[PDB]
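Throughout, a chain's letter reflects where its sequence line sits, starting with A, and its residues are numbered from 1.
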Amino acid sequence: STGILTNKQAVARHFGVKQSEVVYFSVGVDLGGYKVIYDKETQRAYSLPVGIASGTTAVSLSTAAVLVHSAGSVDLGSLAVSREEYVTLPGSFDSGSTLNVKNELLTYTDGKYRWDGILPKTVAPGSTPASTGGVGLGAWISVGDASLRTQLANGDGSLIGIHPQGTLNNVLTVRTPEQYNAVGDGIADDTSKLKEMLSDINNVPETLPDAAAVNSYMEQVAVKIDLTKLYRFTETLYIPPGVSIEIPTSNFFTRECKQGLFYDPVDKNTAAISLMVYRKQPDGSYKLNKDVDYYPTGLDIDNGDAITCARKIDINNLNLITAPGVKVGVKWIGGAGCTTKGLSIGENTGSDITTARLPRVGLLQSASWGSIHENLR
Amino acid sequence: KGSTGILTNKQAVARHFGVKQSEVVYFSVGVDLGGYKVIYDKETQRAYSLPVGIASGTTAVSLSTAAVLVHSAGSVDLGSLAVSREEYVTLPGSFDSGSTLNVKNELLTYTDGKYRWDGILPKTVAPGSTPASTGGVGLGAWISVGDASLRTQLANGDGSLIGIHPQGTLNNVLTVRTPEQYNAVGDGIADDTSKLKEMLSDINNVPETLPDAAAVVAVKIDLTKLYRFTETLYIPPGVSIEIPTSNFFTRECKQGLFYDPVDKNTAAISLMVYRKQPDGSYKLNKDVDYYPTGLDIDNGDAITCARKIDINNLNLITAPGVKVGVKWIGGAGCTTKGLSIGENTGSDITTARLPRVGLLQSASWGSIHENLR
Ligand SMILES: [Zn+2]
């Protein structure tokens, strides 16, 4: 009775309306002029649509907050969603719950969701949005600031619109070692970072069944890599097919290289960078060449003794420096039709050559018909 | 009774703001404001957090319908303070229904989120309004508020909400266009023709017909998937097309363009040349066999609309039997690097995905093709 009045007061203050603007549902009640309706059964309140005339009377109110009156029908649940007027249910996806209204939210570990499908919706204990219908229209829809933060943080850019149309993920096509948390100071060992970056472009196994297998990997999507800092690495890097490597500008024999790759192995009887050539094993399989002195010959290709796995490789301005004493800078083996521009090998460390950061042999190349090196340094 | 109603109301206000019941005061002329955290207006039935620093002894003088409170020590716009604390009221109704806003912390709901009015109050909103049609969005106008608004703003923006280093915003540095922006499938199966065309058109929308010769900004396109298309693509002036690397006798193309027309007596790709009509107007050439002569370019029978075009590493695949791969006609000073035409499909050239004629070029003085394959 007066619990009614104090409740209308509580409801009114929650919605920012007047006490007189809250009406309790009951069959026959005049809905005219009220701003909020209260269901005394479910103990939920809902903003009412504007434009209910005097003398329009309530007929029914479902547990999904569908209101029927003498003049028509309205889904108060959807209206509430449009107004961001939500109820966050007790519990979580992990506890399980049952949802009855469009404006009910269920908490997950990464934020809240509303259910956009058939109501009522039962959620079992130990559930996730993925295991209970997935996300998207007609299913779970992410709601609220906490959810937005985590979606942005873990997303791919699809939430960010760009011009003239589309979204950010549509135009991000370049990889950097910084995506892999490379330190890039020429001091830390960034080897594993660089290898994962390359492997994420094209991950070819070091051992393969037959010839069809090794050739299957030149048929992969090509990706551009941007190197903007200085990466120390300690093991030979094998460039897989379909890689384009890029640096802003070429080094012209500068003293302290601050952008590029610094090869610093324990074993100096090696190459910094090599293309991929697979060599036939006794059993008929093929293993990726790791031998520093090996290079394929036209004969080797024809015999089947070697299969090249170096197609669609492009270098633009790569600076490669090397610890003093390293045998070979770049092994351009099997690189038919592959191209290079502004490839710089060796550092002008200073006057003493025995202490300079440059290889004994700069570049070793075979089986590379139709390859082009521009502005090689 | 009344005093009871006042205590229970203070209780409801206090629960809403998370303060103590004793910390809520009703506005009345002369009330001491010291120590209270929230003020309630009986008339409008609105509550507002009070600024800290109101001294005991400071008394209320007036409180307007815009929530401007005047007291004995000064004045404060409670609506403005509420905005800073993200304490709003979402008005009944919507832009559709129309409304009147009186306070700075009132939000009006629109289909894509909520907005507050940052201009002169009160603000009347006619039924059937939109923020854009009633003052636009920005300082002194409609300001978007809340998570629903932020989501739609981000989703439909250009990146101007996202700061980048060393300064500026994301939109300042986005200089690459892509078929994925137009929702191209890029599987080499779906027909991506209209998508590619819209992409090119958005860069330079040269009509197929031009009134006179006088009638007849450059942008970089990145192609990273495999797009099947079914009608000749006409490359407009001012286009730079790029792919990460070029193919070289590649067996299965998984990156580039695949021309798969019903009518095979056509070109996959063509530059634009306009030919003079008997009435003096010009029409884009669409004849596969046509090429402009130097003389044509001189006597105006043909007008070149192919300057500033660059191609890096484009791979072009063609259904077997297609007449021409690329028509480089009128491409004076235009450049190409690693253009690859034709697929090494298999031993039977009859079924290979390559054209009868790879490249046809005329009127392209000063043109350079590097590592053409
Ligand atoms: Zn409340």
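When atom types are taken as modelled, the side chain of B/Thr178 and the backbone of B/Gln181 share no donor-acceptor pair closer than 3.5 angstrom. Listed for the B/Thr59 side chain is no donor-acceptor partner under 3.5 Å among the backbone atoms of B/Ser72. Under a 3.5 Å cut-off, the side chain of A/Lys8 and the backbone N or O of A/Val22 do form a donor-acceptor pair. Listed for the B/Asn105 side chain is a donor-acceptor partner under 3.5 Å among the backbone atoms of B/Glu87. The backbone N or O of B/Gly146 sits nowhere less than 3.5 Å from a side-chain atom of A/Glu84 that would complete a donor-acceptor pair. When atom types are taken as modelled, the side chain of B/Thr152 and the backbone of B/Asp112 share a donor-acceptor pair closer than 3.5 angstrom. Not one N or O on the side chain of A/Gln9 forms a donor-acceptor pair closer than 3.5 Å with the backbone of A/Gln19. With B/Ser149 contributing its side chain and B/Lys114 its backbone, the two residues share a donor-acceptor pair below 3.5 Å. Judged purely by atom type and a 3.5 angstrom limit, A/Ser97 has no side-chain atom pairing as donor or acceptor with the backbone of A/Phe93. Looking only at distances, a side-chain donor or acceptor of A/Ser92 sits under 3.5 Å from a matching main-chain atom of A/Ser95.
Across all non-hydrogen atoms, the minimal contact from A/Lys35 to A/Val17 is CB-CG1, 4.1 Å. When every heavy atom of A/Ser20 is checked against every heavy atom of A/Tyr34, the shortest pair comes out as O-CE2, 3.2 Å. The minimum heavy-atom distance linking B/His71 with B/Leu33 is given by the pair CB-CD1, 3.9 Å. The heavy-atom pair separating A/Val74 from A/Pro49 by the smallest distance is CG2-CG, 3.9 Å. What you find for B/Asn102 and B/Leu121 is that their closest heavy atoms are O-CD1, 3.7 Å. Listed here is the closest heavy atom pair of B/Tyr48 and B/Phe17: N-CZ, 4.3 Å.
Judged by distance alone, the side chains of B/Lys220 and B/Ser240 do bring a donor and an acceptor atom under 3.5 Å apart. With hydrogens and angles left out, the side-chain atoms of A/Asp156 and A/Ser158 include a donor and acceptor closer than 3.5 Å. Of the N and O atoms on the side chains of B/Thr90 and A/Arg83, not one donor lies less than 3.5 Å from an acceptor on the other residue. Side-chain contact check for B/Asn9 and B/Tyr26: at least one donor-acceptor pair (N or O, by modelled atom type) lies under 3.5 Å. A/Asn169 and A/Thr167 share a side-chain donor-acceptor pair at under 3.5 Å.
For the pair A/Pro177 and A/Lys193, the minimum side-chain heavy-atom distance is 4.5 Å or more. A 4.5 Å side-chain heavy-atom check between A/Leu61 and A/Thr42 finds every atom pair outside the cut-off. Using a 4.5 Å cut-off on side-chain heavy atoms (C-beta onward), A/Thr6 and B/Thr4 make no contact. Between A/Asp94 and A/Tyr108 the shortest side-chain heavy-atom distance does not fall below 4.5 Å. Within the 4.5 Å cutoff, no side-chain heavy atoms of B/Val89 are placed close to those of B/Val103.
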(request) For side-chain contact (heavy atoms from CB on, under 4.5 Å), just list the numbers for B/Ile162 and B/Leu154, CA-CA rounded to whole Å, side-chain angles, deciding distance to a tenth of an Å, and then say yes or no. (result) CA-CA 9 Å; B/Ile162 303 304; B/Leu154 288 168; 4.1 Å; yes
(message) I'd like to know whether A/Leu106 forms a side-chain contact (heavy atoms from CB on, under 4.5 Å) with A/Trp115, so could you lay out the CA-CA distance, the side-chain angles of the two residues, the decisive distance to 0.1 Å, and finally the verdict.
(response) CA-CA 9 Å; A/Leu106 190 61; A/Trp115 179 249; over 6 Å; no
(request) Output, in order, the C-alpha distance, side-chain angles, deciding distance and verdict of salt bridge (charged side-chain N to carboxylate O under 4.0 Å, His left out) for B/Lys123 and B/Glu106. (result) CA-CA 11 Å; B/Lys123 165 79 175 175; B/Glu106 290 173 333; over 6 Å; no
(message) Go through it in stages, so that I can follow the logic: the residues are B/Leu150 and A/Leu148, the test is side-chain contact (heavy atoms from CB on, under 4.5 Å), and I'd like the CA-CA distance, side-chain angles, deciding distance and then a yes or no.
(response) CA-CA 9 Å; B/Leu150 182 51; A/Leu148 178 57; 3.8 Å; yes
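Of the inter-residue distances, the one linking B/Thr65 atom OG1 with B/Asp41 atom CG reads 9.0 Å to the nearest 0.5 angstrom. Atom-to-atom distance recorded for A/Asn170:CG and B/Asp222:CG is 12.0 Å, nearest 0.5 angstrom. Interatomic distance, CG of B/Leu174 versus CG of A/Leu168, reported as 6.5 Å (0.5 Å rounding). The structure places OH of B/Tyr40 at 4.0 Å from CD of B/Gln45, a figure rounded to the nearest 0.5 Å. Considering CD1 of A/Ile37 and CG of A/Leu76, their distance stands at 6.5 Å, rounded to 0.5 Å. Annotation: the span from A/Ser142 atom OG to A/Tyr113 atom OH amounts to 4.5 Å, rounded to 0.5 Å.
Atom CZ of B/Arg15 has more than 12 heavy atoms from other residues, nucleotides or ligands within 6.0 Å.
Between B/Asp118 and B/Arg116 there is a salt bridge, since a side-chain N of the basic residue sits under 4.0 Å from a carboxylate O of the acidic one.
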